[PDB]
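Notes follow the structure.
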Amino acid sequence: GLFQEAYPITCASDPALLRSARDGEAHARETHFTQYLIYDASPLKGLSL
Amino acid sequence: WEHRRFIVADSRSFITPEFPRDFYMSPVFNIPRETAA
Amino acid sequence: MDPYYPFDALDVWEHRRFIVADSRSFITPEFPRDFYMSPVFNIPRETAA
Amino acid sequence: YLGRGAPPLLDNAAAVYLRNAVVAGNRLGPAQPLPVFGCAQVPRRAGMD
Amino acid sequence: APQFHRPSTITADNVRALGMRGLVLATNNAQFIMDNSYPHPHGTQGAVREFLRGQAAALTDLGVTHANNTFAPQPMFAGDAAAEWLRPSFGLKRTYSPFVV
Amino acid sequence: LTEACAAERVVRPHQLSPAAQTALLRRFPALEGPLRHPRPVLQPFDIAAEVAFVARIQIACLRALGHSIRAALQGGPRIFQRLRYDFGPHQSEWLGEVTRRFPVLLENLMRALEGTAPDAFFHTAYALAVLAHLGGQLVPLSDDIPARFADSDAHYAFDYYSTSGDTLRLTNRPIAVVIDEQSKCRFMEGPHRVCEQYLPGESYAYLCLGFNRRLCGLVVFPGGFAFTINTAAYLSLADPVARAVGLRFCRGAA
Amino acid sequence: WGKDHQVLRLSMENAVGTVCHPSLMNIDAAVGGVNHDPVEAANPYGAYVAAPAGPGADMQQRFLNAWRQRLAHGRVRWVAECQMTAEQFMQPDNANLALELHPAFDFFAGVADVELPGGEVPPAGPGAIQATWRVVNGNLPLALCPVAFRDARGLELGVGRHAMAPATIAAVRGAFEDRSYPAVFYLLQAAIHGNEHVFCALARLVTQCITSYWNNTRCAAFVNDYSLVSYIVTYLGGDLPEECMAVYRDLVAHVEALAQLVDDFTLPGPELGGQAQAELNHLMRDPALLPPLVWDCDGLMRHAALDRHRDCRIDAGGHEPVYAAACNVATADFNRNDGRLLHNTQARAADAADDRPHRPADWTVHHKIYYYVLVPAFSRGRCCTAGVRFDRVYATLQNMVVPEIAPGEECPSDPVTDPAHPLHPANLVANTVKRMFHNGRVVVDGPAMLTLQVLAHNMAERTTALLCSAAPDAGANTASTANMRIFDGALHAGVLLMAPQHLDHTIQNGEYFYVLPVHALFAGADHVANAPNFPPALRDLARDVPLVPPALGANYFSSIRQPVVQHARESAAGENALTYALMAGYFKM
Amino acid sequence: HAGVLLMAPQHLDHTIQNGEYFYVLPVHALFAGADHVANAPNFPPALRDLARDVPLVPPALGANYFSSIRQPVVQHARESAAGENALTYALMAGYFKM
Amino acid sequence: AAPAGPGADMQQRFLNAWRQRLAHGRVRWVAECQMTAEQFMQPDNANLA
Amino acid sequence: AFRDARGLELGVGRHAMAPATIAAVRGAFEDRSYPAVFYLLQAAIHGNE
Amino acid sequence: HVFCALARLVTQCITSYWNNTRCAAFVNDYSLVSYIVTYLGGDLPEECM
């Protein structure tokens with residue numbers, strides 16, 4: 001409410017391309033032909049869940 | 001503030017019309033008691 | 001073809017809170033006058049008679 | 001369709017078709033729909049995990 | 001003979017008696033100067049109308065001169081036959097060659 | 001009246017035979033009206049007798065308009081102005097067109113006054129301002145007249161026509177603007193129509209046309225250039241003709 | 001991921017409970033809140049509908065001179081075909097950014113108060129900001145729907161379904177874009193005029209013309225009419241090599257393919273507001289929209305007999321339709337102004353028809369497939385309609401030099417050798433139709449006498465500009481969208497002109513055919529910019545900015561707007577794509 | 001008994017009357033041409049579109065549920081993308097009992 | 001149905017006979033547009049039981 | 001695709017049709033101009049060799 | 001005008017040159033090439049048209 005912001009989380013368009021989330025964003029597949037990923041950017045990044 | 005030109009409003013400002021002399025010899029200026037309508 | 005006017009001109013500074021014995025202006029448009037076309041009433045194909 | 005907010009379709013045959021078409025079995029879909037005043041009474045599923 | 005530079009002369013009898021072989025030449029060999037001292041009673045648009053019934057009804061004439069040439073007009077579609085109660089009405093696709101030696 | 005005109009083959013019962021007239025009058029006595037009145041204000045024995053009752057009023061006002069427009073505009077006029085609208089310096093060249101544009105309008109206004117249906121004319125301001133005056137020779141219908149129109153003669157009531165392009169009406173509502181040498185304009189008190197926001201004659205592409213309970217009307221052009229018209233010197237409405245007019249067009253206010 | 005080592009899925013079937021409420025059609029406060037602080041005169045070319053006036057024959061030279069002034073004034077509301085994406089999102093260069101508010105609508109500067117089916121020249125002055133309605137999804141502007149996105153959807157519907165052969169379209173595209181095209185093919189189409197009975201009369205002409213023109217160009221011959229191509233399929237498909245015949249049968253089978261792509265995406269639900277399920281789903285099933293060439297009267301008998309329908313106003317004389325059963329020499333009054341449309345198309349002119357048609361329900365839908373979709377897939381912007389001087393046409397149709405044969409002589413076969421042949425240089429005088437069989441080489445022989453006896457049978461007066469309007473359908477018709485309009489202009493007795501040939505005085509420029517752009521889909525960049533006597537000032541506005549004469553519908557008051565028609569004259573993806581793509585651009589909203 | 005398989009429903013033709021020699025009479029949901037049934041001369045125009053994706057068969061010949069072949073084997077055939085070689089065995093395997 | 005009459009008209013007698021109820025409701029077994037997990041969810045398969 | 005998948009298992013090893021007999025048969029079914037003398041001969045021969 | 005005056009000469013010159021060479025004749029002048037595409041579109045083989 002104070003910042004008027006909203007954090008994205010670990011999400012993509014394929015369960016195929018969701019596989020490269022369990023290694024961090026080092027080699028996370030951002031983009032195949034249309035299939036797009038957005039890594040987690042949040043206070044909740046890197047945490048237990 | 002605001003900046004624009006200004007002319008004093010008086011009743012001596014006239015816009016001039018002309019007439020072609022047949023203007024009142026028009027079908028609507030000269031209507032009989034009953035129409036074809 | 002210019003309409004007649006009694007006086008030539010003045011230039012008045014107008015303060016916004018200091019409007020007393022109020023007056024109004026006249027509105028003319030932004031496009032050039034070739035576009036404000038002629039008053040046209042055509043005779044229709046069928047008539048009353 | 002949980003709340004009343006809008007003018008419905010004037011083709012009233014259409015909207016009542018689409019009435020239950022949307023609210024067939026939503027977890028957030030009421031049974032015995034809206035009275036004049038009051039809440040929609042979102043149903044309770046048998047278990048939550 | 002109808003004069004093609006005055007529109008007040010075209011009738012249907014004067015054009016149907018004229019063959020279509022000769023109406024090719026009579027249109028290109030006329031006088032370019034349109035005349036306007038005798039108008040038409042059906043209007044100038046009605047003079048074009050009176051010209052084209054003169055051509056369309058003349059198409060029987062160009063066909064009757066070729067009546068020893070083509071065949072009988074076969075019924076192109078169904079519904080055009082007398083006896084319907086046991087066999088249907090055929091429709092003959094007229095893609096053939098109408099020609100009799 | 002059918003069979004006395006069908007067995008006699010009388011196509012219109014003013015061509016009915018004089019014994020065939022009065023023998024029906026010996027039978028049914030309420031028919032002295034449509035057979036023996038010199039000029040009934042309703043036409044006897046016609047289908048559109050109520051419609052021809054209306055179209056006369058459409059005619060008779062236009063001559064009361066058309067011979068009054070010539071009256072204030074007999075010769076070369078001096079109209080100088082009636083409202084207060086000041087100019088910018090290059091704004092006067094717009095009125096350089098209004099010199100040239102002018103005389104084609106007054107035909108096409110009256111052409112459009114002809115061009116409306118009379119059923120569509122009774123929703124306009126001049127057809128009710130006369131009813132505010134024929135009730136003064138009674139509250140007219142639809143109560144479009146405000147509570148303060150019947151107070152002064154300074155409460156006018158306008159219509160708005162398009163100046164350029166096509167000369168067309170740009171209102172649904174009669175817009176009653178109270179008018180004060182010079183006199184500045186003022187509205188009255190108060191589903192959304194475009195042109196209804198301005199003063200009369202305030203801007204270009206607007207013809208303004210107001211009327212009164214006195215039935216002295218205004219023709220307001222942009223730039224203050226307006227003038228009264230005595231249409232009261234040209235309204236020739238006979239009261240026994242007009243008394244069937246008003247009663248069909250008035251409302252008894254409680 | 002959920003609140004475990006667990007996966008989750010969000011579809012767009014997920015979006016069922018949000019986009020489907022009856023608040024998508026709730027724009028009452030929108031038009032009111034934008035209305036104050038008005039907009040000036042935005043020279044409303046595409047923001048105004050004109051009612052028709054006079055015949056269609058001169059209707060251009062009305063609108064050419066009427067919009068001679070407020071056309072070079074400024075620009076139209078769309079310039080975004082030049083704009084890339086996010087150039088719309090930026091604060092400069094888009095004054096119309098504050099006018100794009102709804103996904104299902106449009107806010108544009110239109111005329112103030114004049115009721116739309118009326119007048120010619122609107123009173124330029126104050127302006128209004130109202131609505132129209134966005135009909136199908138393709139009407140979204142091309143900085144919001146990318147061009148490559150349209151082909152992205154299209155190819156992937158392309159799998160699993162029937163497609164045209166890649167070889168055969170080269171014949172069609174060559175045929176569609178052939179400049180030196182034999183002008184009998186425009187004339188003989190209007191001769192048949194969709195009459196099936198005149199077709200099976202003239203089947204030898206139809207046989208040889210396709211047979212002759214194939215040897216000149218490996219190309220189809222008559223192909224701008226679905227009805228005519230449909231008749232070639234059934235009543236002619238025997239006496240041809242298969243290589244030629246493959247082109248037409250693939251064309252229909254692809255129209256067969258593109259037809260049943262709607263109903264694989266449909267659900268069985270009840271009939272509704274007069275319309276069916278399919279009519280509410282896709283635009284090609286609704287019969288209130290009708291193709292630009294309507295030879296019969298099946299369309300308005302479906303279209304005007306609808307609950308949606310309001311005042312199909314044919315304006316040369318009487319505004320409301322009353323129709324003709326059959327038509328002949330004395331019935332085709334070649335220059336009239338009443339608005340009667342002809343039903344003279346069926347095989348059985350003896351079992352005539354004014355109220356009860358002969359055709360299936362998908363027949364006009366098939367034409368709506370063939371005209372609205374496939375021809376823009378070959379157009380790339382270059383095709384436009386024509387209004388027919390059938391008096392000029394039926395002069396020269398029945399104008400042939402076919403000599404008498406000798407007693408004992410052979411059949412005319414070849415033009416250059418046989419002196420008895422109608423196309424022989426001895427039989428070539430100018431201004432006859434076997435000279436027009438000779439201006440483009442079309443071997444048509446001595447048995448052409450079988451034509452004229454039926455040319456004298458059936459004929460058609462002249463075209464007319466039919467303007468049908470309609471309300472939003474059952475399913476979009478709420479209490480703020482009730483007053484909305486969709487203007488759908490089309491010609492009755494008209495012919496499409498594929499290839500604009502005007503750099504040639506063989507047909508002088510608009511003799512038989514005055515152009516009349518009936519829609520932005522058929523708007524001549526070379527037809528209309530090269531018209532009869534003509535202003536040079538509009539040359540800027542002709543190279544772009546499709547000139548739609550406003551009796552035939554406006555830019556915003558139709559079903560198909562400018563965004564898709566640029567998309568037609570854009571991306572170089574295949575024919576199989578754009579067919580499915582523009583179809584996917586026709587899903588209702 | 002003495003029936004004949006019509007491949008192409010040709011209703012875009014009045015040369016033979018549409019069903020003159022051959023009344024159409026669908027015998028199973030495998031055999032229901034969408035242009036045979038809907039474009040018969042006596043067909044209700046209130047039942048056009050529902051005829052298109054439903055195999056209308058009078059129940060003297062068999063309904064869906066008491067046929068040996070139900071709707072899913074039909075729906076595989078018209079909708080699957082594969083060429084006929086793969087499509088042959090793919091429906092040929094659709095006849096092993098339960 | 002029982003095999004009634006001759007074979008020439010039994011379909012044509014059928015479309016007059018079954019015109020009423022066959023348009024009334026949509027039949028059960030046209031669900032071929034339903035996909036997996038559209039089925040196993042309780043809405044959009046009222047026939048899940 | 002699954003019902004087509006095990007076809008691609010069984011597709012090997014057995015006879016596959018020629019490419020020419022694919023389109024020739026399929027175009028014959030989709031021949032709207034299929035000549036109807038062939039239907040009556042099929043009823044003329046009527047299984048009698 | 002003089003093009004269609006000698007248009008038969010243009011036709012024979014091209015195809016006789018097309019017999020010797022696989023080459024186009026009059027590409028030296030676009031105004032000529034505008035004409036052959038416009039006027040002589042019938043009396044040419046398609047391989048050089």
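Residues are named by chain letter and number: chains run A, B, ... in the order of the structure tokens, numbers start at 1 in each chain, and ligands are numbered from 1 in the order shown.
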> If you count only C-alpha atoms, which residues fall within 9 Å of range 17-34 of chain B, apart from same-chain ones fewer than 3 positions away, as a PyMOL selection string?
Replying inline: (chain B and resi 37) or (chain F and resi 56+59-60+62-63+65-67+69-70+76-77+98-100+102-103+107+110-111+114)
> residue 26 in chain I: which residues within 9 Å, counting only C-alpha atoms, same-chain residues fewer than 4 positions away excluded, as JSON, numbers by chain?
Replying inline: {"G": [268, 269, 270], "H": [50], "I": [22, 30]}
>> I need the contact residues of chain D against chain I, so if you could list those with any atom within 9 Å, counting only C-alpha atoms, and return them as a list in words, that would help.
In response: residues 21, 23, 24, 25 and 26 of chain D
> What are the DSSP strand (DSSP E or B) residues of range 388-504 of chain G, as an NGL selection string?
Replying inline: :G and (388 or 465-470 or 478 or 486-491 or 494 or 497)
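Residue list for chain D within 8 Å of chain G: residues 1, 5, 6, 7, 8, 9, 10, 11, 13, 14, 15, 22 and 23 of chain D, counting only C-alpha atoms.
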Contacts of range 36-49 of chain J within 10 Å, only C-alpha atoms, excl. fewer than 4 positions in-chain, as a PDB file with N, CA and C atoms, in the first residue's frame:
```
ATOM      1  N   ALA H   2     -29.616 -53.713 -49.893  1.00  0.00           N
ATOM      2  CA  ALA H   2     -29.171 -53.310 -51.219  1.00  0.00           C
ATOM      3  C   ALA H   2     -28.843 -51.826 -51.194  1.00  0.00           C
ATOM      4  N   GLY H   3     -27.840 -51.448 -50.406  1.00  0.00           N
ATOM      5  CA  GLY H   3     -27.453 -50.072 -50.267  1.00  0.00           C
ATOM      6  C   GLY H   3     -26.171 -49.750 -51.006  1.00  0.00           C
ATOM      7  N   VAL H   4     -25.886 -48.455 -51.113  1.00  0.00           N
ATOM      8  CA  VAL H   4     -24.750 -47.980 -51.891  1.00  0.00           C
ATOM      9  C   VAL H   4     -24.123 -46.809 -51.151  1.00  0.00           C
ATOM     10  N   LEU H   5     -22.799 -46.804 -51.088  1.00  0.00           N
ATOM     11  CA  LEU H   5     -22.041 -45.780 -50.392  1.00  0.00           C
ATOM     12  C   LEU H   5     -21.903 -44.548 -51.268  1.00  0.00           C
ATOM     13  N   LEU H   6     -22.503 -43.447 -50.839  1.00  0.00           N
ATOM     14  CA  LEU H   6     -22.312 -42.155 -51.488  1.00  0.00           C
ATOM     15  C   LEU H   6     -21.137 -41.445 -50.841  1.00  0.00           C
ATOM     16  N   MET H   7     -20.132 -41.148 -51.654  1.00  0.00           N
ATOM     17  CA  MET H   7     -18.955 -40.433 -51.194  1.00  0.00           C
ATOM     18  C   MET H   7     -19.247 -38.951 -51.020  1.00  0.00           C
ATOM     19  N   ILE H  16     -29.814 -34.060 -61.511  1.00  0.00           N
ATOM     20  CA  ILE H  16     -30.596 -35.073 -60.820  1.00  0.00           C
ATOM     21  C   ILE H  16     -31.300 -34.343 -59.692  1.00  0.00           C
ATOM     22  N   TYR H  21     -33.006 -40.734 -57.361  1.00  0.00           N
ATOM     23  CA  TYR H  21     -32.763 -42.173 -57.385  1.00  0.00           C
ATOM     24  C   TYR H  21     -32.532 -42.717 -55.986  1.00  0.00           C
ATOM     25  N   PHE H  22     -31.912 -41.919 -55.137  1.00  0.00           N
ATOM     26  CA  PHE H  22     -31.343 -42.423 -53.906  1.00  0.00           C
ATOM     27  C   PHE H  22     -31.788 -41.562 -52.742  1.00  0.00           C
TER      28      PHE H  22
END
```
>> Could you list, as a PyMOL selection string, every residue within 10 Å of range 85-90 of chain E, counting only C-alpha atoms and ignoring same-chain residues fewer than 4 positions away?
In response: (chain E and resi 74-81) or (chain H and resi 14-17+19-21)
Next, write the just-selected residues to a file, as a compact mmCIF listing (two decimals), in the first residue's frame, keeping C-alpha atoms as the atom set.
```txt
# COMPACT_ATOMS: atom_id res chain seq x y z
CA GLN E 74 -31.44 -29.96 -73.92
CA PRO E 75 -33.01 -29.37 -70.50
CA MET E 76 -30.08 -27.94 -68.57
CA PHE E 77 -31.54 -28.67 -65.14
CA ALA E 78 -33.97 -30.90 -63.31
CA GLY E 79 -37.67 -30.13 -63.16
CA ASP E 80 -37.94 -29.72 -66.95
CA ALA E 81 -39.58 -32.95 -68.20
CA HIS H 14 -30.25 -29.52 -59.71
CA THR H 15 -29.65 -31.91 -62.61
CA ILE H 16 -30.60 -35.07 -60.82
CA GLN H 17 -33.23 -34.17 -58.26
CA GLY H 19 -32.24 -37.63 -53.79
CA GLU H 20 -34.22 -38.69 -56.88
CA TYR H 21 -32.76 -42.17 -57.38
```
> So which residues of chain J fall under helix (DSSP H, G or I) by DSSP, listed as a ChimeraX atom specification?
Replying inline: /J:2-10,20-29,37-45
Taking N, CA, C and O atoms for each residue, export the selection above as a short mmCIF file (atom, residue, chain, number, x, y, z; two decimals), in the first residue's frame.
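result.cif, written as the output of this step:
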```cif
data_model
loop_
_atom_site.label_atom_id
_atom_site.label_comp_id
_atom_site.auth_asym_id
_atom_site.auth_seq_id
_atom_site.Cartn_x
_atom_site.Cartn_y
_atom_site.Cartn_z
N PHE J 2 -2.52 -39.57 -28.80
CA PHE J 2 -2.26 -40.86 -28.17
C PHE J 2 -2.89 -42.00 -28.95
O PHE J 2 -2.30 -43.08 -29.06
N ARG J 3 -4.09 -41.78 -29.47
CA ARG J 3 -4.71 -42.80 -30.29
C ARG J 3 -3.99 -42.92 -31.62
O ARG J 3 -3.94 -44.00 -32.21
N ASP J 4 -3.38 -41.82 -32.08
CA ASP J 4 -2.49 -41.90 -33.23
C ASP J 4 -1.08 -42.34 -32.85
O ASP J 4 -0.32 -42.72 -33.74
N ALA J 5 -0.73 -42.30 -31.57
CA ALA J 5 0.64 -42.63 -31.18
C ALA J 5 0.96 -44.10 -31.38
O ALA J 5 1.93 -44.42 -32.07
N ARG J 6 0.15 -44.99 -30.82
CA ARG J 6 0.41 -46.42 -30.95
C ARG J 6 0.20 -46.93 -32.37
O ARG J 6 0.68 -48.02 -32.69
N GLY J 7 -0.50 -46.16 -33.21
CA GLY J 7 -0.44 -46.42 -34.63
C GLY J 7 0.97 -46.29 -35.17
O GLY J 7 1.43 -47.15 -35.93
N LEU J 8 1.70 -45.27 -34.73
CA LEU J 8 3.08 -45.12 -35.15
C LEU J 8 3.99 -46.20 -34.58
O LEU J 8 5.10 -46.39 -35.10
N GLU J 9 3.57 -46.91 -33.54
CA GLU J 9 4.28 -48.14 -33.23
C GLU J 9 3.96 -49.21 -34.25
O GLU J 9 4.85 -49.83 -34.82
N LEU J 10 2.67 -49.42 -34.51
CA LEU J 10 2.29 -50.49 -35.40
C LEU J 10 2.50 -50.12 -36.86
O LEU J 10 2.34 -50.97 -37.73
N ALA J 20 0.97 -42.15 -54.23
CA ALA J 20 0.06 -41.83 -55.31
C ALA J 20 -1.36 -42.26 -55.01
O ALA J 20 -2.31 -41.55 -55.35
N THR J 21 -1.53 -43.40 -54.34
CA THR J 21 -2.87 -43.87 -54.02
C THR J 21 -3.48 -43.11 -52.85
O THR J 21 -4.66 -43.33 -52.54
N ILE J 22 -2.72 -42.24 -52.19
CA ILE J 22 -3.32 -41.43 -51.14
C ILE J 22 -4.22 -40.36 -51.73
O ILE J 22 -5.42 -40.31 -51.45
N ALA J 23 -3.66 -39.50 -52.58
CA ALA J 23 -4.41 -38.34 -53.04
C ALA J 23 -5.43 -38.70 -54.10
O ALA J 23 -6.44 -38.00 -54.26
N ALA J 24 -5.20 -39.79 -54.84
CA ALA J 24 -6.13 -40.19 -55.89
C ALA J 24 -7.45 -40.67 -55.31
O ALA J 24 -8.52 -40.31 -55.81
N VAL J 25 -7.39 -41.48 -54.26
CA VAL J 25 -8.60 -41.92 -53.58
C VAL J 25 -9.26 -40.75 -52.87
O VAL J 25 -10.48 -40.56 -52.97
N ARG J 26 -8.46 -39.91 -52.20
CA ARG J 26 -9.03 -38.85 -51.38
C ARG J 26 -9.66 -37.75 -52.22
O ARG J 26 -10.70 -37.20 -51.84
N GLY J 27 -9.06 -37.43 -53.37
CA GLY J 27 -9.68 -36.47 -54.26
C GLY J 27 -10.94 -37.00 -54.91
O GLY J 27 -11.81 -36.22 -55.30
N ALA J 28 -11.07 -38.32 -55.00
CA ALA J 28 -12.26 -38.91 -55.59
C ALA J 28 -13.45 -38.80 -54.65
O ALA J 28 -14.58 -38.56 -55.09
N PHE J 29 -13.22 -39.02 -53.36
CA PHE J 29 -14.22 -38.73 -52.34
C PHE J 29 -14.64 -37.27 -52.36
O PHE J 29 -15.84 -36.97 -52.31
N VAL J 37 -23.15 -41.79 -63.18
CA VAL J 37 -23.34 -43.06 -63.87
C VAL J 37 -22.68 -44.18 -63.09
O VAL J 37 -23.07 -45.35 -63.20
N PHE J 38 -21.69 -43.85 -62.27
CA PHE J 38 -20.92 -44.85 -61.54
C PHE J 38 -21.71 -45.39 -60.36
O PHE J 38 -21.50 -46.54 -59.95
N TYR J 39 -22.62 -44.59 -59.80
CA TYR J 39 -23.45 -45.07 -58.70
C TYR J 39 -24.46 -46.11 -59.17
O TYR J 39 -24.75 -47.05 -58.43
N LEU J 40 -24.99 -45.95 -60.37
CA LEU J 40 -26.04 -46.86 -60.82
C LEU J 40 -25.45 -48.17 -61.32
O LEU J 40 -26.10 -49.22 -61.24
N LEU J 41 -24.22 -48.13 -61.85
CA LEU J 41 -23.56 -49.37 -62.22
C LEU J 41 -23.22 -50.19 -60.99
O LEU J 41 -23.28 -51.43 -61.02
N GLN J 42 -22.88 -49.51 -59.90
CA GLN J 42 -22.60 -50.16 -58.63
C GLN J 42 -23.84 -50.84 -58.08
O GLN J 42 -23.76 -51.87 -57.40
N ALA J 43 -25.02 -50.28 -58.37
CA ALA J 43 -26.27 -50.95 -58.07
C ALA J 43 -26.68 -51.92 -59.16
O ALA J 43 -27.49 -52.82 -58.91
N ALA J 44 -26.16 -51.75 -60.38
CA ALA J 44 -26.45 -52.70 -61.43
C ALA J 44 -25.71 -54.01 -61.20
O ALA J 44 -26.28 -55.09 -61.34
N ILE J 45 -24.43 -53.91 -60.85
CA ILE J 45 -23.64 -55.11 -60.65
C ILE J 45 -24.05 -55.81 -59.37
O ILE J 45 -24.10 -57.05 -59.32
#
```
>> Neighbouring residues of residue 12 in chain C were defined as those with any atom within 10 Å, considering only C-alpha atoms; residues of the same chain fewer than 6 positions away were excluded. Please report them as a PyMOL selection string.
In response: chain B and resi 2-7
> Expressed in Å to a single decimal, how great is the separation between CA of residue 538 in chain G and CA of residue 41 in chain G?
Replying inline: 20.0 Å
